[PDB]
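Step one of this worksheet: look at the structure below.
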Amino acid sequence: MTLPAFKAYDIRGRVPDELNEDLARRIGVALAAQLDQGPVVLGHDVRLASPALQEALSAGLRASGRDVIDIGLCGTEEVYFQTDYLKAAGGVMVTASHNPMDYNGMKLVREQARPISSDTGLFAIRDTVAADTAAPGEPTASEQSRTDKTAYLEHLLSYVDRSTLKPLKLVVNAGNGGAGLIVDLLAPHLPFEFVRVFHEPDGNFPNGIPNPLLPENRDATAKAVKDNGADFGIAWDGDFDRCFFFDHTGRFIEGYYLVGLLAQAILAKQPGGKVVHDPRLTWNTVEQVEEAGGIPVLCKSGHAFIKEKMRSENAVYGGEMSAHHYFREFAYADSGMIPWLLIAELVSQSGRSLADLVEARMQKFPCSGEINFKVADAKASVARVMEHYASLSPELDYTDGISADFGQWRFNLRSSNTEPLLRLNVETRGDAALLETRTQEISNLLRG
Ligand SMILES: O=P(O)(O)O[C@H]1O[C@H](CO)[C@@H](O)[C@H](O)[C@H]1O
Ligand SMILES: [Mg+2]
């Protein structure tokens, strides 16, 4: 077989059987042979095993003659930012993001923080690691510790006009991951009052693993917003490359609507720019991008596809409905910090609540949310769906699975590249009843 920890976009596995210090060291050796010239940035998250896995990575990199730049405990986006900012050959973030306690992993990038994925180097690394029985060499290169976050913080702050910000009251929920460190370093430069929930980094995760999609974790943010009269609330996953928004009523905002909202926010600063979006939910983004003077660019979902499309298009912003937001000026990379700064600025400047900024969009393009199906035969299930709707002659698009546009409603149905699942998204033109009947109809067909 092959090493299970090597996935489509990253490395992730249970410690110590699927990922351990020996494997991490061998990954460092193999990575050194895949990169162009230069040093390698290393960072890690709050998980208990992350520092030791980073040290083993560093040992393998330095045995292969790579200088290492240790940026310490950080978010994934800080590895992306520093890899690009320091003109490094590449970077590795040690993180399991939102996964259980016994899991860890790595996200690997090359120059300019360009992703290393299964077909762009990661499986080559896997195959090298799988066959490597060489004795570990000794270091022929040095490690320097570079924990200064000043350039990163200045970059985050550059997205907003600080003189226009109002002293909004914001709930922030790090979930005992790493986001609270950055919030606290940004706070002296912002007028906001923060209400800090689950703020201290703790890799034991006493309040649950950092996954703001779990309703129990969602509710801690919502309750803090409502009980404190906060303008809005923000929650992050453990490595804070995803952020999640709660309006002043405590309502969790479906990530679809943030794409159009952030696109409009960015297009105010970068007029006429291109905006990359995924095919799962589209109508609202296309309309909001066009009405702000931007050009929407459809792209298959998946961060590596999004980033490569943004680069080819000089796109100013890309967004996925799955709480991933990418910014050209940020090495084309995703940040869980830039989005809430932009939203706080939009609320401050417009005088509108986050709820009202999205309410009419949610009414105009209601959506199912992503619904996941584990079925006995995904291919046969998809065929049952398409056969049922054939007589209606939908307009079909194969950018990312199957998209079917029926006029007043549409759906996307695709296999996940990170899990053995089918994922369904449905939206309609202002018709909640049609949304429900079609969603239920498709669901019955998938489960047939
Ligand atoms: O499993 P999927 O749906 O193929 O991919 C999922 O993880 C990717 C990396 O986080 C994201 O870029 C996708 O938007 C998300 O849907
Ligand atoms: Mg994450």
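Going through the structure tokens in order, the chains are called A, B, and so on, while each chain numbers its residues from 1 and the ligands are numbered from 1 in the order shown.
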* Selection near residue 402 in chain A, 9 Å with only C-alpha atoms, sequence-local residues under 2 positions removed, as a PyMOL selection string -> chain A and resi 382+396-400+404+411-414
Output for the residues just chosen: N, CA, C and O atoms as a PDB file, in the first residue's frame:
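Output below, filename selection.pdb:
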```pdb
ATOM      1  N   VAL A 382     -25.305   9.597  -8.432  1.00  0.00           N
ATOM      2  CA  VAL A 382     -25.286  10.772  -9.301  1.00  0.00           C
ATOM      3  C   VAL A 382     -26.081  10.506 -10.569  1.00  0.00           C
ATOM      4  O   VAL A 382     -26.848  11.361 -11.027  1.00  0.00           O
ATOM      5  N   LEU A 396     -25.933  22.197 -18.323  1.00  0.00           N
ATOM      6  CA  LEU A 396     -24.990  21.398 -17.557  1.00  0.00           C
ATOM      7  C   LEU A 396     -23.581  21.942 -17.727  1.00  0.00           C
ATOM      8  O   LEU A 396     -23.188  22.339 -18.826  1.00  0.00           O
ATOM      9  N   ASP A 397     -22.823  21.930 -16.637  1.00  0.00           N
ATOM     10  CA  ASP A 397     -21.442  22.384 -16.630  1.00  0.00           C
ATOM     11  C   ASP A 397     -20.629  21.416 -15.793  1.00  0.00           C
ATOM     12  O   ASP A 397     -21.041  21.041 -14.694  1.00  0.00           O
ATOM     13  N   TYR A 398     -19.460  21.032 -16.301  1.00  0.00           N
ATOM     14  CA  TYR A 398     -18.644  20.006 -15.668  1.00  0.00           C
ATOM     15  C   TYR A 398     -17.344  20.555 -15.082  1.00  0.00           C
ATOM     16  O   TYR A 398     -16.359  19.824 -14.948  1.00  0.00           O
ATOM     17  N   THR A 399     -17.341  21.834 -14.694  1.00  0.00           N
ATOM     18  CA  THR A 399     -16.148  22.422 -14.087  1.00  0.00           C
ATOM     19  C   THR A 399     -15.739  21.674 -12.820  1.00  0.00           C
ATOM     20  O   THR A 399     -14.547  21.454 -12.574  1.00  0.00           O
ATOM     21  N   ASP A 400     -16.710  21.244 -12.014  1.00  0.00           N
ATOM     22  CA  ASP A 400     -16.376  20.671 -10.711  1.00  0.00           C
ATOM     23  C   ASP A 400     -17.515  19.723 -10.338  1.00  0.00           C
ATOM     24  O   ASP A 400     -18.450  20.106  -9.632  1.00  0.00           O
ATOM     25  N   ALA A 404     -25.985  21.948 -12.621  1.00  0.00           N
ATOM     26  CA  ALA A 404     -27.186  21.884 -13.439  1.00  0.00           C
ATOM     27  C   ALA A 404     -28.018  23.119 -13.133  1.00  0.00           C
ATOM     28  O   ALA A 404     -28.441  23.317 -11.993  1.00  0.00           O
ATOM     29  N   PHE A 411     -28.166  23.330  -9.041  1.00  0.00           N
ATOM     30  CA  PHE A 411     -27.424  22.585  -8.044  1.00  0.00           C
ATOM     31  C   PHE A 411     -26.028  22.265  -8.547  1.00  0.00           C
ATOM     32  O   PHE A 411     -25.755  22.268  -9.755  1.00  0.00           O
ATOM     33  N   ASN A 412     -25.145  22.008  -7.590  1.00  0.00           N
ATOM     34  CA  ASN A 412     -23.857  21.395  -7.858  1.00  0.00           C
ATOM     35  C   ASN A 412     -23.743  20.129  -7.029  1.00  0.00           C
ATOM     36  O   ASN A 412     -24.114  20.111  -5.855  1.00  0.00           O
ATOM     37  N   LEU A 413     -23.227  19.078  -7.649  1.00  0.00           N
ATOM     38  CA  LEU A 413     -23.072  17.779  -7.015  1.00  0.00           C
ATOM     39  C   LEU A 413     -21.690  17.274  -7.404  1.00  0.00           C
ATOM     40  O   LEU A 413     -21.406  17.117  -8.592  1.00  0.00           O
ATOM     41  N   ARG A 414     -20.827  17.035  -6.425  1.00  0.00           N
ATOM     42  CA  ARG A 414     -19.459  16.658  -6.751  1.00  0.00           C
ATOM     43  C   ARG A 414     -18.908  15.754  -5.663  1.00  0.00           C
ATOM     44  O   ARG A 414     -19.326  15.818  -4.504  1.00  0.00           O
TER      45      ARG A 414
END
```
* Output the neighbourhood of ligand 2 as a list in words, that is, all protein and nucleic acid residues with some atom at most 9 Å from the ligand, counting only C-alpha atoms and all ligand atoms. =>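 Those residues are residues 75, 76, 95, 96, 97, 98, 211, 236, 237, 238, 239, 240, 241, 242, 243 and 336 of chain A.
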Write out the residues from the selection above, keeping N, CA and C atoms, as a tab-separated table (two decimals), in the first residue's frame.
```tsv
chain	number	residue	atom	x	y	z
A	75	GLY	N	-0.22	30.74	13.06
A	75	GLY	CA	-1.25	30.23	12.20
A	75	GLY	C	-0.70	29.82	10.86
A	76	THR	N	-1.46	28.98	10.17
A	76	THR	CA	-1.03	28.50	8.86
A	76	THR	C	-0.72	29.65	7.92
A	95	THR	N	0.31	21.20	11.52
A	95	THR	CA	-1.02	21.46	12.05
A	95	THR	C	-1.94	20.33	11.64
A	96	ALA	N	-2.95	20.09	12.47
A	96	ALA	CA	-4.09	19.28	12.08
A	96	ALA	C	-5.36	20.11	12.01
A	97	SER	N	-5.23	21.44	12.05
A	97	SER	CA	-6.34	22.35	11.83
A	97	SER	C	-7.47	22.10	12.82
A	98	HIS	N	-8.47	21.32	12.40
A	98	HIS	CA	-9.70	21.12	13.14
A	98	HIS	C	-9.93	19.65	13.49
A	211	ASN	N	-13.42	23.42	15.87
A	211	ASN	CA	-14.20	23.26	14.64
A	211	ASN	C	-15.48	24.05	14.83
A	236	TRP	N	-12.74	30.91	14.78
A	236	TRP	CA	-11.74	30.35	13.89
A	236	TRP	C	-11.55	28.86	14.15
A	237	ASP	N	-11.05	28.15	13.13
A	237	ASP	CA	-10.50	26.84	13.40
A	237	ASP	C	-9.14	26.97	14.09
A	238	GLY	N	-8.54	25.81	14.41
A	238	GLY	CA	-7.39	25.80	15.29
A	238	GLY	C	-6.18	26.54	14.73
A	239	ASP	N	-5.95	26.42	13.42
A	239	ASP	CA	-4.84	27.09	12.75
A	239	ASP	C	-5.26	28.40	12.08
A	240	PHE	N	-6.52	28.79	12.31
A	240	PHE	CA	-7.13	30.07	11.96
A	240	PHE	C	-7.00	30.48	10.50
A	241	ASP	N	-6.89	29.50	9.60
A	241	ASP	CA	-7.02	29.84	8.19
A	241	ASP	C	-8.48	29.90	7.75
A	242	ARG	N	-9.42	29.53	8.62
A	242	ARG	CA	-10.84	29.70	8.36
A	242	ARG	C	-11.45	30.54	9.45
A	243	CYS	N	-12.28	31.50	9.06
A	243	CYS	CA	-13.04	32.24	10.04
A	243	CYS	C	-14.52	32.13	9.73
A	336	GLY	N	-7.44	33.83	7.72
A	336	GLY	CA	-8.59	33.95	8.60
A	336	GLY	C	-8.64	35.26	9.35
```
* To do: Please return as a PyMOL selection string: the residues of range 400-445 of chain A that backbone DSSP assigns to helix (DSSP H, G or I).
  => chain A and resi 432-445
* **Shell of 7 Å around range 102-116 of chain A, only C-alpha atoms, local chain residues under 6 positions omitted, as a ChimeraX atom specification** => /A:10-15,35,80,83-84,88-96,122,304,331
* To do: Would you list the contacts of residue 198 in chain A as number ranges by chain, taking every protein, DNA or RNA residue within 6 Å and counting only C-alpha atoms, but skipping same-chain residues closer than 5 positions in sequence?
  => A: 173-176
Based on the selection just made, write N, CA and C atoms of those residues as an mmCIF file, in the first residue's frame.
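Full text of result.cif as output:
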```cif
data_model
loop_
_atom_site.group_PDB
_atom_site.id
_atom_site.type_symbol
_atom_site.label_atom_id
_atom_site.label_comp_id
_atom_site.auth_asym_id
_atom_site.auth_seq_id
_atom_site.Cartn_x
_atom_site.Cartn_y
_atom_site.Cartn_z
ATOM 1 N N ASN A 173 -13.629 34.131 19.131
ATOM 2 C CA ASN A 173 -13.642 32.787 19.706
ATOM 3 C C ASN A 173 -12.551 31.948 19.043
ATOM 4 N N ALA A 174 -11.369 31.893 19.677
ATOM 5 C CA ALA A 174 -10.276 31.122 19.115
ATOM 6 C C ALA A 174 -10.447 29.618 19.288
ATOM 7 N N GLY A 175 -11.425 29.162 20.080
ATOM 8 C CA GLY A 175 -11.611 27.736 20.283
ATOM 9 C C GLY A 175 -10.420 27.079 20.936
ATOM 10 N N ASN A 176 -9.611 27.847 21.662
ATOM 11 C CA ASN A 176 -8.368 27.364 22.255
ATOM 12 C C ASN A 176 -7.314 26.976 21.233
#
```
